[PDB]
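Trainee: First the structure, then my questions, so here it is.
No Cβ is skipped: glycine too gets one built from the backbone with ideal geometry, and neighbour counts run over all protein chains shown. Throughout, read-outs are computed from the coordinates displayed, never taken from laboratory work.
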Amino acid sequence: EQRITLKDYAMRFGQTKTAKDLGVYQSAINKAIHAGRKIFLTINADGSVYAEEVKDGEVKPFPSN
DNA sequence: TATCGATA
DNA sequence: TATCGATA
C-alpha cells in the first residue's frame, strides 16, 4: 500500500498495468521478474508509482535509460 | 536473438 | 566505465 516488490505488484495488478505505470515495455517486466531482480516500487499517495532496483550495495533506478 | 544509445 | 531496455 506504500512499498512492494515488483513481482508482487505484478501478481496484484498484472504485467500489463504494471508496465504502463513504469513506462516500459511489458516484455521488459516479465523478463525482469524472470530474472528475479530486487526491484521495489513505491506508491505516492496520488497513486503514482516508482521503482528502484537494489543493484550491488547500491540502489539504482528503474529503469536506468 | 543481438546491437546500440542512453544512463549513472 | 558498465548496465539495461529497446530495436529488428
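Trainee: For chain A, what's the relative contact order in percent, using C-alpha pairs closer than 8 Å and at least 6 residues apart?
Mentor: Relative contact order here is 30 percent.
Trainee: Quick check: pseudo-label points 7 Å beyond the Cα along Cα→Cβ at A:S48 and A:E1, how many nm apart are they?
Mentor: Taking the simple label geometry, A:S48 and A:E1 are separated by 2.2 nm.
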